[PDB]
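Colleague: The structure follows.
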Amino acid sequence: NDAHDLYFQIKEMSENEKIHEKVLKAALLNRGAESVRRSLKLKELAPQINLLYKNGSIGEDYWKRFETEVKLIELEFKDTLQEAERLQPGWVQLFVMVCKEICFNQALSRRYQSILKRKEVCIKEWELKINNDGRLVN
Amino acid sequence: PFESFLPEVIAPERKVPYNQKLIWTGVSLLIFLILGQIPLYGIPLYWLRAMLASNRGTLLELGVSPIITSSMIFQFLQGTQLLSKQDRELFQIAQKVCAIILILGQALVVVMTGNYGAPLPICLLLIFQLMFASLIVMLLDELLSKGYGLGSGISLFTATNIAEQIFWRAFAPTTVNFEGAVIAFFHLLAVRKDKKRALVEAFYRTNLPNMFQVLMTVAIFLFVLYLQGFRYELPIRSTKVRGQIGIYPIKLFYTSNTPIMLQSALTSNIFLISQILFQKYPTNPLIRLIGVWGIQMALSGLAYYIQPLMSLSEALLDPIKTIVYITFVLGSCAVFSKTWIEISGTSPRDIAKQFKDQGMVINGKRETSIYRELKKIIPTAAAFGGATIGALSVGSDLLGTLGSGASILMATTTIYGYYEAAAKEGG
Amino acid sequence: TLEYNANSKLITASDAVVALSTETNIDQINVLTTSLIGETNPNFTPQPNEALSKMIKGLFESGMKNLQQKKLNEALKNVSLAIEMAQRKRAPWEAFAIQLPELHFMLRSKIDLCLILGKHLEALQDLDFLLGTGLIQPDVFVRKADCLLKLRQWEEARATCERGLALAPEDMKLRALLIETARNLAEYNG
Amino acid sequence: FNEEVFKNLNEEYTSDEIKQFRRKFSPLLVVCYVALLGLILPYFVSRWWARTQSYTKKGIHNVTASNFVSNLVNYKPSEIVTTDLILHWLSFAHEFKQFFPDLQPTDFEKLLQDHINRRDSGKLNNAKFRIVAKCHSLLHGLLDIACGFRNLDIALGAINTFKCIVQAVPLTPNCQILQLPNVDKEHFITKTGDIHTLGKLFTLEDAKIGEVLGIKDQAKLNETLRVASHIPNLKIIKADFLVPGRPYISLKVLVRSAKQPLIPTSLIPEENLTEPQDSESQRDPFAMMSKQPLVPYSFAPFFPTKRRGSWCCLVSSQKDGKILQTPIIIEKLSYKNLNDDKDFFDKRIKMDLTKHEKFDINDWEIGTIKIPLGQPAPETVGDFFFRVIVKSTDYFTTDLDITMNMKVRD
Amino acid sequence: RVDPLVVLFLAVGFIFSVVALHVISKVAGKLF
Amino acid sequence: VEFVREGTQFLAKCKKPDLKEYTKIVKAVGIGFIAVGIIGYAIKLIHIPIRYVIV
């Protein structure tokens, strides 16, 4: 459940299939955005996990797994930024800003896309009967 | 102050519940008691071997004596002011290393002084056995101290050995042609069928422990049990969060178990060193000064004064010896408590700073008044407790109890400590 | 697996059954690629675009002008088209604090129009998104309570009215809505 | 102490398979010593240590807790939580694997669905019953962890799924009236469409109830009425803060039967509501709550085992919508207002039965629920709003959703 | 870095080793 | 003389426990002592024949 290996797959396909050179930058920006979202999520989720561990309802090894993930995410972000610097000269000062924006922006876009499906779970749950034009036919 | 790379047991990441704590304490106790019985392969002191939880001819011949002696060494060092988590860690690792080197020294001392004698492979085997047998006890105490066990194992093991010896003196099933007071009395009441003759014979019983000693030890036990209940209570109130009114009690025995055990350890070391010095060299002025040995007991020397009294006869024989002995045994605990309270971390200054952190203040006393009263109460309480413990020990010795004089006292203090800890934790 | 189209420059998954996360990611990468193809500057700036904003405002004004003409059916379609354009043709690397308030200011007008027209479920869902993205005001809770009452959900109507009155207690319409909800629910039970 | 009116009518409706399930589930001494101290002590101590080390404090495995947390971490708020999603989370537990090391999680989901829908699995009944009887502890684990992450919607989802599993009926609009013992769905769903909860049902006469629900058997209609007039509907009387060093909420609920009319609040003598002020009382106030009798055995003719009722009360804030403490699961409450002695107090009569001879205002008992607020008093001076929920966990009765505000004035 | 079960295993193994030495001594004395 | 001077003031200062609490005290101390003594007695009584047999 990650957007990491997809960029590497695109790279191995680029090595042979002659894909356009901007698609690399596209996949790179996407991987960066996912890393930024994950970093924010973990920075915000540290305290509640720590409290649950201190109260003693989560176990022992999960906290160590968490602490390992916290730094693995950072190393992944650093590797991605290094690859970005490799891809274009003098292109790191702009990259972090572009990434911090696309993260939030595509999160909003997905949340807004979700209502086209969320509209029917309510119908199935409350057994409504809605005809055309969205009105109520009781 | 140097690098430390030694084996240790890992602490629990979360606080262990009560039931696992109890099970660990029980299993550690069973392991120690089993280790106590099994005798060595390469196959005297009465009160001290009982007060230091060691019996001769078994893997546990060394006992907790090296650890308690290292504790005495660091207490003496802190007394002369020769001395942050790093400082505590350095102090603890120093305690451990002096303990292990003292074990290494004590094993060789015992094997040189032992009746086994010099005539080598079996000798090295014996040294290795005693080394491992004491190292396991040190590790077990550290385990119970890390948090798995209720309290430090050093006190519990000695209390258990003393309680088992007390039970064995009364309920012994071995027959002599019975070793236990109650079983011998119950048998002789039936077979002899001469109650007036039977009682007058069983009551004194110069040969073996009698029922009289049992009644005396029960009496002194019940008496010393009530003394511990005494305490000094001072009311406190909170200032940061209002509505929190509490009570801070101060016990008459601020450090109950510590002083008598330290005194017993010091007596054991001095007696053993005097014995080996008197044995190694036949005649010397200083050797004869530190003590002379004859029929075995020490007499006419430095050890002659410090060794305990047997009964009221030795007391009424020479009064000067009794005077110097009582004064020494009282002053020793009196100075030992005031010195141990500092390094233990429970100084009036430390508890005053803890009050500052908590914010608890006296209802009617001002800011500095609390600290000035702590300095007025805590040291005097520690001194009086140290003196009272020695007084009760010498009194029980005069009473002629069946066990060691201070043994019953140690049992009471340890049992009450563990009971109060379990009550405070709950469950 | 995944096959790369040649002329369209879109990455397409060629497997028969792909999980959901991979589909969302491939859609995002398609959008980013098609946008980078249109954006010709090598070093792009988070500075927003102007022609897109002008055309969005033009469509929105052409849709809002139907209020003067009393045309309440095609204005909804026009506002929906404008929101769809501002959702699709706005490259994802454009600023957040300028893409959020435009969406909100158009979506609120769409909600008012749809709630006047008669459709209720769509209005309630739009209100739920608008209130979940971080906008809590008495200008949203009253309409959400109106929708939950009109499409026959009473317990959540009471819960929402109470949450609303616990943020603007001096309001004058939330109390009317609360009284109506209490009466209708006391009928729903007894 | 608390009369239990279902210990007789519970075992008369349960099927036979569930009954049979609930019924079903010289050198010799030295060698002996060497054995008993080399192969018995270390082995047993190691087993007990491993067992008591793996299990989490709440009573669940470690793999199960790790799975619940790794499912709540990556949870997009775009998905609306229904019962199916929580059942899908539960089909990944680890304590279901040790029971049947061959079955796969999809089989577990299919079994749980075959239970909730009141459908037959045929061959794996003694497995479906095991997993359903185990599901309770897992659901309390999930509820506690969800309240830990400060997430409310999954908490309400968990309580609703627990109600659904206990009563064996899928969550629907008119479900309070399908949790009854014997109703035929294909008749009630199609004929009437305005009877949605117990009160509106009792508004009708006695024979009309049978005519609507379609069972037409007096010896069977009296049974369904004795089940439909004995599940507890709550109602509040007085509820506000109290300010000791740690504030704690005090509620005054009036456990009523779904048939009795409304009694005005002003008729309360105000004596049962107040609290006595004593030294022992001001020390630990919850001693009064810890006294009341226990709750009877629920009417769960399709839960394998037997259970006592409960009341899962959880408090949440009103400025953003997050849970701020673990859910306090109260257990003891006085069901004395339900008994058959005060049957004269009916709704259909409409004669203002409050001014009746047997009406005794000092006869009704009025329970009490106390929730420790667990969080310190805010340092600001003003208003702070809250919202306390008291969700039931065995029936589909009425519950509490009230907003109570603290006015810190200093 | 030692766990409690390790300490218990060491202690029981040492007791076992001592008793084993005793019993091998006895069987060697009784045999020859 | 100063030592006993402070000691007598402190002992006059401290409180005296009640008789009822002493009953619970002796009960708990007695049950604990009986427990530890029984454990010690059993472990001593079992290891006599094994120590005679082995050595």
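Just remember, in the structure tokens the first chain shown is A, the second B, etc., residues are 1-based per chain, and ligands are 1-based in the order shown.
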Identify all chain C residues at most 8 Å from chain A by counting only C-alpha atoms; ligands do not count. Present them as an NGL selection string.

Modeller: :C and (4 or 6 or 9 or 21-22 or 25 or 28-29 or 32-33 or 36-37 or 46 or 87 or 92-96 or 118-122 or 125 or 129 or 151)

Colleague: Once you have the residues from the selection above, write them out as a PDB file, in the first residue's frame, restricted to C-alpha atoms.

Modeller:
```
ATOM      1  CA  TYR C   4       2.577   3.230 -21.627  1.00  0.00           C
ATOM      2  CA  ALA C   6       2.586   6.413 -27.148  1.00  0.00           C
ATOM      3  CA  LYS C   9       1.350  10.332 -22.986  1.00  0.00           C
ATOM      4  CA  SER C  21      -4.914   2.531  -4.403  1.00  0.00           C
ATOM      5  CA  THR C  22      -3.039   1.772  -7.619  1.00  0.00           C
ATOM      6  CA  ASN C  25      -2.294   6.766  -8.057  1.00  0.00           C
ATOM      7  CA  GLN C  28      -3.070  11.258 -10.230  1.00  0.00           C
ATOM      8  CA  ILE C  29       0.024  10.602 -12.340  1.00  0.00           C
ATOM      9  CA  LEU C  32       0.159  15.534 -13.340  1.00  0.00           C
ATOM     10  CA  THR C  33       1.644  14.397 -16.665  1.00  0.00           C
ATOM     11  CA  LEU C  36       3.139  19.287 -17.117  1.00  0.00           C
ATOM     12  CA  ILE C  37       2.701  18.755 -20.860  1.00  0.00           C
ATOM     13  CA  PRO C  46       3.134  28.212  -7.501  1.00  0.00           C
ATOM     14  CA  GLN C  87     -11.813  21.160 -10.198  1.00  0.00           C
ATOM     15  CA  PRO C  92      -2.398  20.550  -8.790  1.00  0.00           C
ATOM     16  CA  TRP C  93       0.732  22.576  -8.066  1.00  0.00           C
ATOM     17  CA  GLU C  94      -1.207  25.848  -7.874  1.00  0.00           C
ATOM     18  CA  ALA C  95      -1.507  27.404  -4.441  1.00  0.00           C
ATOM     19  CA  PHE C  96      -3.829  26.007  -1.789  1.00  0.00           C
ATOM     20  CA  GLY C 118     -35.888  21.142  -4.501  1.00  0.00           C
ATOM     21  CA  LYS C 119     -33.140  18.504  -4.586  1.00  0.00           C
ATOM     22  CA  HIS C 120     -32.182  17.626  -1.013  1.00  0.00           C
ATOM     23  CA  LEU C 121     -29.766  14.682  -0.942  1.00  0.00           C
ATOM     24  CA  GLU C 122     -27.227  16.432  -3.169  1.00  0.00           C
ATOM     25  CA  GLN C 125     -23.884  15.810   0.743  1.00  0.00           C
ATOM     26  CA  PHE C 129     -18.113  18.025   2.437  1.00  0.00           C
ATOM     27  CA  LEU C 151     -35.448  14.015   4.038  1.00  0.00           C
TER      28      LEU C 151
END
```

Colleague: Show me a table, sorted first by chain and then by increasing residue number, of the residues of chain B having an atom at most 8 Å from chain F, each with its shortest atom pair and the distance in Å to one decimal, counting only C-alpha atoms and written as JSON lines.

Modeller:
```
{"residue": "B:33", "atom": "CA", "partner": "F:43", "partner_atom": "CA", "distance": 7.1}
{"residue": "B:34", "atom": "CA", "partner": "F:43", "partner_atom": "CA", "distance": 7.0}
{"residue": "B:37", "atom": "CA", "partner": "F:47", "partner_atom": "CA", "distance": 7.0}
{"residue": "B:38", "atom": "CA", "partner": "F:51", "partner_atom": "CA", "distance": 7.1}
{"residue": "B:39", "atom": "CA", "partner": "F:51", "partner_atom": "CA", "distance": 7.9}
{"residue": "B:160", "atom": "CA", "partner": "F:36", "partner_atom": "CA", "distance": 6.3}
{"residue": "B:161", "atom": "CA", "partner": "F:40", "partner_atom": "CA", "distance": 7.5}
{"residue": "B:163", "atom": "CA", "partner": "F:37", "partner_atom": "CA", "distance": 5.4}
{"residue": "B:164", "atom": "CA", "partner": "F:40", "partner_atom": "CA", "distance": 4.8}
{"residue": "B:166", "atom": "CA", "partner": "F:37", "partner_atom": "CA", "distance": 7.9}
{"residue": "B:167", "atom": "CA", "partner": "F:37", "partner_atom": "CA", "distance": 5.9}
{"residue": "B:168", "atom": "CA", "partner": "F:41", "partner_atom": "CA", "distance": 6.6}
{"residue": "B:222", "atom": "CA", "partner": "F:26", "partner_atom": "CA", "distance": 7.8}
{"residue": "B:225", "atom": "CA", "partner": "F:26", "partner_atom": "CA", "distance": 7.4}
{"residue": "B:226", "atom": "CA", "partner": "F:22", "partner_atom": "CA", "distance": 6.9}
{"residue": "B:229", "atom": "CA", "partner": "F:17", "partner_atom": "CA", "distance": 6.0}
{"residue": "B:230", "atom": "CA", "partner": "F:16", "partner_atom": "CA", "distance": 5.6}
{"residue": "B:231", "atom": "CA", "partner": "F:14", "partner_atom": "CA", "distance": 6.0}
{"residue": "B:232", "atom": "CA", "partner": "F:14", "partner_atom": "CA", "distance": 4.9}
{"residue": "B:233", "atom": "CA", "partner": "F:15", "partner_atom": "CA", "distance": 7.8}
{"residue": "B:377", "atom": "CA", "partner": "F:10", "partner_atom": "CA", "distance": 7.7}
{"residue": "B:380", "atom": "CA", "partner": "F:6", "partner_atom": "CA", "distance": 7.0}
{"residue": "B:381", "atom": "CA", "partner": "F:10", "partner_atom": "CA", "distance": 7.3}
{"residue": "B:384", "atom": "CA", "partner": "F:7", "partner_atom": "CA", "distance": 6.3}
{"residue": "B:412", "atom": "CA", "partner": "F:29", "partner_atom": "CA", "distance": 7.8}
{"residue": "B:415", "atom": "CA", "partner": "F:29", "partner_atom": "CA", "distance": 6.4}
{"residue": "B:416", "atom": "CA", "partner": "F:29", "partner_atom": "CA", "distance": 6.4}
{"residue": "B:419", "atom": "CA", "partner": "F:28", "partner_atom": "CA", "distance": 7.2}
```

Colleague: May I have the residues from that selection written out with C-alpha atoms, as a PDB file, in the first residue's frame?

Modeller:
```pdb
ATOM      1  CA  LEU B  33      15.826 -21.844  49.308  1.00  0.00           C
ATOM      2  CA  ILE B  34      16.644 -24.803  47.053  1.00  0.00           C
ATOM      3  CA  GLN B  37      20.219 -26.926  50.887  1.00  0.00           C
ATOM      4  CA  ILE B  38      22.353 -28.642  48.250  1.00  0.00           C
ATOM      5  CA  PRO B  39      25.892 -29.286  49.567  1.00  0.00           C
ATOM      6  CA  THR B 160      13.157 -16.206  54.993  1.00  0.00           C
ATOM      7  CA  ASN B 161      16.217 -18.051  56.277  1.00  0.00           C
ATOM      8  CA  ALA B 163      11.880 -17.619  59.706  1.00  0.00           C
ATOM      9  CA  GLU B 164      12.678 -21.133  58.488  1.00  0.00           C
ATOM     10  CA  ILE B 166      12.725 -20.381  63.794  1.00  0.00           C
ATOM     11  CA  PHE B 167      10.126 -22.863  62.549  1.00  0.00           C
ATOM     12  CA  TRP B 168      12.694 -25.668  62.535  1.00  0.00           C
ATOM     13  CA  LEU B 222       4.358  -9.479  69.845  1.00  0.00           C
ATOM     14  CA  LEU B 225       5.233  -5.653  66.565  1.00  0.00           C
ATOM     15  CA  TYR B 226       3.388  -2.889  68.429  1.00  0.00           C
ATOM     16  CA  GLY B 229       2.919   0.982  64.697  1.00  0.00           C
ATOM     17  CA  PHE B 230       4.119   4.213  66.296  1.00  0.00           C
ATOM     18  CA  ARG B 231       4.435   7.116  63.870  1.00  0.00           C
ATOM     19  CA  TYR B 232       4.495  10.905  63.705  1.00  0.00           C
ATOM     20  CA  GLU B 233       1.888  12.570  61.489  1.00  0.00           C
ATOM     21  CA  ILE B 377      12.454  15.801  63.295  1.00  0.00           C
ATOM     22  CA  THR B 380      16.402  12.811  65.554  1.00  0.00           C
ATOM     23  CA  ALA B 381      13.859  10.194  64.476  1.00  0.00           C
ATOM     24  CA  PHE B 384      16.246   7.261  68.009  1.00  0.00           C
ATOM     25  CA  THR B 412       9.408  -8.564  62.052  1.00  0.00           C
ATOM     26  CA  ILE B 415       7.499  -8.789  57.123  1.00  0.00           C
ATOM     27  CA  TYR B 416       5.890  -5.517  58.189  1.00  0.00           C
ATOM     28  CA  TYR B 419       2.901  -6.021  54.223  1.00  0.00           C
TER      29      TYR B 419
END
```

Colleague: Smallest atom-to-atom distance to chain E: which of B:143, B:182, B:109, B:130, using only C-alpha atoms?

Modeller: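 Once distances to chain E are computed over only C-alpha atoms, the minimum belongs to B:143.
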
Colleague: Per residue of chain A within 7 Å of chain D, what are the shortest atom pair and its distance in Å to one decimal, counting only C-alpha atoms, with rows by chain and residue number, as CSV?

Modeller:
```
residue,atom,partner,partner_atom,distance
A:48,CA,D:149,CA,6.2
A:52,CA,D:148,CA,6.8
A:56,CA,D:57,CA,6.4
A:57,CA,D:57,CA,5.7
A:58,CA,D:65,CA,5.8
A:59,CA,D:62,CA,6.0
A:62,CA,D:66,CA,6.6
A:111,CA,D:78,CA,5.8
A:114,CA,D:78,CA,5.9
A:125,CA,D:172,CA,6.8
A:126,CA,D:173,CA,6.0
```

Colleague: When DSSP works through the backbone of this structure, what residues of region 161-400 of chain B end up as strand (DSSP E or B), shown as a list in words?

Modeller: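 Of region 161-400 of chain B, only residues 231, 232, 233, 234, 235, 236, 237, 245, 246, 247, 248, 249, 250, 251, 292, 293, 294, 297, 298, 299, 361 and 362 of chain B fall in strand (DSSP E or B).
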
Colleague: With chain E as the partner and 10 Å as the cut-off, tabulate the residues of chain D that qualify, each row holding the nearest pair of atoms and their distance in Å to one decimal, using only C-alpha atoms, sorted by chain and rising number, as JSON lines.

Modeller:
```
{"residue": "D:27", "atom": "CA", "partner": "E:23", "partner_atom": "CA", "distance": 9.8}
{"residue": "D:30", "atom": "CA", "partner": "E:23", "partner_atom": "CA", "distance": 9.2}
{"residue": "D:34", "atom": "CA", "partner": "E:16", "partner_atom": "CA", "distance": 7.6}
{"residue": "D:37", "atom": "CA", "partner": "E:12", "partner_atom": "CA", "distance": 7.7}
{"residue": "D:38", "atom": "CA", "partner": "E:12", "partner_atom": "CA", "distance": 7.1}
{"residue": "D:41", "atom": "CA", "partner": "E:12", "partner_atom": "CA", "distance": 9.0}
{"residue": "D:42", "atom": "CA", "partner": "E:9", "partner_atom": "CA", "distance": 6.9}
{"residue": "D:43", "atom": "CA", "partner": "E:9", "partner_atom": "CA", "distance": 9.9}
{"residue": "D:45", "atom": "CA", "partner": "E:5", "partner_atom": "CA", "distance": 8.2}
{"residue": "D:46", "atom": "CA", "partner": "E:5", "partner_atom": "CA", "distance": 7.0}
{"residue": "D:49", "atom": "CA", "partner": "E:5", "partner_atom": "CA", "distance": 8.4}
```

Colleague: What does the file look like for those residues with N, CA and C atoms, as a PDB file, in the first residue's frame?

Modeller:
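File written: selection_0.pdb
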```
ATOM      1  N   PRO D  27      17.759 -45.047  43.560  1.00  0.00           N
ATOM      2  CA  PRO D  27      17.880 -44.024  42.508  1.00  0.00           C
ATOM      3  C   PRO D  27      16.549 -43.540  41.959  1.00  0.00           C
ATOM      4  N   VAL D  30      15.988 -39.987  43.298  1.00  0.00           N
ATOM      5  CA  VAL D  30      16.839 -38.964  42.701  1.00  0.00           C
ATOM      6  C   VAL D  30      16.433 -38.715  41.255  1.00  0.00           C
ATOM      7  N   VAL D  34      15.245 -35.118  39.921  1.00  0.00           N
ATOM      8  CA  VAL D  34      15.877 -34.553  38.733  1.00  0.00           C
ATOM      9  C   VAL D  34      14.820 -34.160  37.710  1.00  0.00           C
ATOM     10  N   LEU D  37      12.630 -31.102  38.883  1.00  0.00           N
ATOM     11  CA  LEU D  37      13.313 -29.816  38.930  1.00  0.00           C
ATOM     12  C   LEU D  37      14.117 -29.501  37.677  1.00  0.00           C
ATOM     13  N   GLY D  38      14.077 -30.357  36.660  1.00  0.00           N
ATOM     14  CA  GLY D  38      14.736 -30.030  35.412  1.00  0.00           C
ATOM     15  C   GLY D  38      13.805 -29.898  34.224  1.00  0.00           C
ATOM     16  N   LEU D  41       9.703 -27.451  36.213  1.00  0.00           N
ATOM     17  CA  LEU D  41       9.711 -26.044  36.616  1.00  0.00           C
ATOM     18  C   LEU D  41      10.071 -25.117  35.461  1.00  0.00           C
ATOM     19  N   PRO D  42      11.212 -25.283  34.775  1.00  0.00           N
ATOM     20  CA  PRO D  42      11.539 -24.326  33.705  1.00  0.00           C
ATOM     21  C   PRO D  42      10.513 -24.314  32.590  1.00  0.00           C
ATOM     22  N   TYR D  43      10.004 -25.483  32.210  1.00  0.00           N
ATOM     23  CA  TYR D  43       9.045 -25.562  31.114  1.00  0.00           C
ATOM     24  C   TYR D  43       7.752 -24.830  31.455  1.00  0.00           C
ATOM     25  N   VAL D  45       7.215 -22.583  33.824  1.00  0.00           N
ATOM     26  CA  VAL D  45       7.429 -21.157  34.039  1.00  0.00           C
ATOM     27  C   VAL D  45       7.592 -20.440  32.707  1.00  0.00           C
ATOM     28  N   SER D  46       8.290 -21.060  31.752  1.00  0.00           N
ATOM     29  CA  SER D  46       8.444 -20.434  30.444  1.00  0.00           C
ATOM     30  C   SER D  46       7.106 -20.316  29.727  1.00  0.00           C
ATOM     31  N   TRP D  49       5.084 -17.536  31.427  1.00  0.00           N
ATOM     32  CA  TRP D  49       5.643 -16.227  31.122  1.00  0.00           C
ATOM     33  C   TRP D  49       5.319 -15.806  29.699  1.00  0.00           C
TER      34      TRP D  49
END
```

Colleague: Determine, counting only C-alpha atoms, which protein, DNA and RNA residues have an atom within 10 Å of an atom of region 8-13 of chain D; residues of the same chain fewer than 6 positions away are not included. Present the result as a PDB file with C-alpha atoms, in the first residue's frame.

Modeller:
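Full text of out.pdb as output:
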```pdb
ATOM      1  CA  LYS D  19     -28.771 -25.231  23.604  1.00  0.00           C
ATOM      2  CA  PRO D 181     -39.097 -12.278  19.381  1.00  0.00           C
ATOM      3  CA  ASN D 182     -41.522 -13.322  16.615  1.00  0.00           C
ATOM      4  CA  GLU D 223     -45.131 -13.405  24.924  1.00  0.00           C
ATOM      5  CA  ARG D 226     -44.043  -9.233  27.603  1.00  0.00           C
ATOM      6  CA  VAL D 227     -40.863  -8.800  25.577  1.00  0.00           C
ATOM      7  CA  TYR D 297     -30.000 -11.142  31.699  1.00  0.00           C
ATOM      8  CA  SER D 298     -30.760  -9.707  28.278  1.00  0.00           C
ATOM      9  CA  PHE D 299     -33.219 -11.284  25.846  1.00  0.00           C
ATOM     10  CA  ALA D 300     -30.779 -12.582  23.215  1.00  0.00           C
ATOM     11  CA  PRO D 301     -32.365 -15.739  21.754  1.00  0.00           C
ATOM     12  CA  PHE D 302     -29.560 -15.952  19.177  1.00  0.00           C
ATOM     13  CA  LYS D 306     -25.529 -15.686  28.216  1.00  0.00           C
TER      14      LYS D 306
END
```

Colleague: Write down as a ChimeraX atom specification the residues of region 35-272 of chain B whose backbone DSSP state falls under helix (DSSP H, G or I).

Modeller: /B:35-37,47-51,65-79,85-113,121-148,153-170,181-191,195-204,211-228,257-272

Colleague: Near residue 318 (chain B), within 12 Å and counting only C-alpha atoms, which residues show up once chain neighbours fewer than 5 positions away are dropped, as a ChimeraX atom specification?

Modeller: /B:304-305,309,312-313,323-325

Colleague: One number please: CA of residue 28 (chain D) to CA of residue 11 (chain E), in Å, one decimal.

Modeller: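 These two atoms are separated by 23.8 Å.
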
Colleague: For residue 180 (chain C), please output as a PyMOL selection string all residues within 12 Å (counting only C-alpha atoms; exclusion window: fewer than 3 positions along the same chain).

Modeller: chain C and resi 145-146+149-150+154+157-158+161+173-177+183-187

Colleague: Identify every residue of chain B that has at least one atom within 6 Å of any atom of chain E, counting only C-alpha atoms, and report the result as a ChimeraX atom specification.

Modeller: /B:8-10

Colleague: CA of residue 277 (chain B) to CA of residue 46 (chain B): how many Å, to one decimal?

Modeller: 19.8 Å

Colleague: With the cut-off set at 8 Å and counting only C-alpha atoms, tabulate each residue of chain D with an atom at most that distance from an atom of chain C, showing the nearest atom pair and its distance in Å to one decimal, ordered by chain and increasing number, as JSON lines.

Modeller:
```
{"residue": "D:196", "atom": "CA", "partner": "C:188", "partner_atom": "CA", "distance": 7.7}
{"residue": "D:197", "atom": "CA", "partner": "C:189", "partner_atom": "CA", "distance": 6.4}
{"residue": "D:198", "atom": "CA", "partner": "C:189", "partner_atom": "CA", "distance": 7.3}
{"residue": "D:199", "atom": "CA", "partner": "C:190", "partner_atom": "CA", "distance": 5.1}
{"residue": "D:200", "atom": "CA", "partner": "C:190", "partner_atom": "CA", "distance": 5.3}
{"residue": "D:203", "atom": "CA", "partner": "C:190", "partner_atom": "CA", "distance": 7.0}
{"residue": "D:318", "atom": "CA", "partner": "C:163", "partner_atom": "CA", "distance": 6.4}
{"residue": "D:319", "atom": "CA", "partner": "C:167", "partner_atom": "CA", "distance": 7.4}
{"residue": "D:385", "atom": "CA", "partner": "C:166", "partner_atom": "CA", "distance": 6.7}
{"residue": "D:401", "atom": "CA", "partner": "C:159", "partner_atom": "CA", "distance": 7.3}
{"residue": "D:403", "atom": "CA", "partner": "C:162", "partner_atom": "CA", "distance": 7.2}
```

Colleague: Keeping only C-alpha atoms, write the selected residues to a file as a PDB file, in the first residue's frame.

Modeller:
```pdb
ATOM      1  CA  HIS D 196     -41.028   2.858  13.417  1.00  0.00           C
ATOM      2  CA  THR D 197     -40.385   2.509  17.155  1.00  0.00           C
ATOM      3  CA  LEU D 198     -41.905   1.055  20.291  1.00  0.00           C
ATOM      4  CA  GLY D 199     -43.848   4.109  21.440  1.00  0.00           C
ATOM      5  CA  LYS D 200     -45.691   4.597  18.164  1.00  0.00           C
ATOM      6  CA  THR D 203     -50.069   3.997  20.713  1.00  0.00           C
ATOM      7  CA  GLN D 318     -18.467  20.045  20.827  1.00  0.00           C
ATOM      8  CA  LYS D 319     -15.933  22.478  19.361  1.00  0.00           C
ATOM      9  CA  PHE D 385     -19.372  22.875  25.833  1.00  0.00           C
ATOM     10  CA  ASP D 401     -27.556  12.702  23.521  1.00  0.00           C
ATOM     11  CA  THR D 403     -25.139  18.899  25.612  1.00  0.00           C
TER      12      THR D 403
END
```

Colleague: Would you mind reading off the distance between CA of residue 83 (chain D) and CA of residue 160 (chain D), one decimal, in Å?

Modeller: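 Calculated distance between CA of residue 83 (chain D) and CA of residue 160 (chain D) is 7.6 Å.
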
Colleague: Near chain B, which residues of chain D fall within 9 Å when you count only C-alpha atoms, and what do they look like as a list in words?

Modeller: residues 49, 52, 244 and 245 of chain D

Colleague: Write out the residues from the selection above, keeping C-alpha atoms, as a tab-separated table (two decimals), in the first residue's frame.

Modeller:
```tsv
chain	number	residue	atom	x	y	z
D	49	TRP	CA	5.64	-16.23	31.12
D	52	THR	CA	1.06	-13.69	30.13
D	244	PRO	CA	-14.04	18.78	43.10
D	245	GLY	CA	-10.31	18.78	42.41
```

Colleague: Would you mind listing what lies within 9 Å of residue 13 (chain C) as number ranges by chain, with only C-alpha atoms counted and same-chain residues fewer than 4 positions away left out?

Modeller: C: 1-4, 18, 22-23, 26
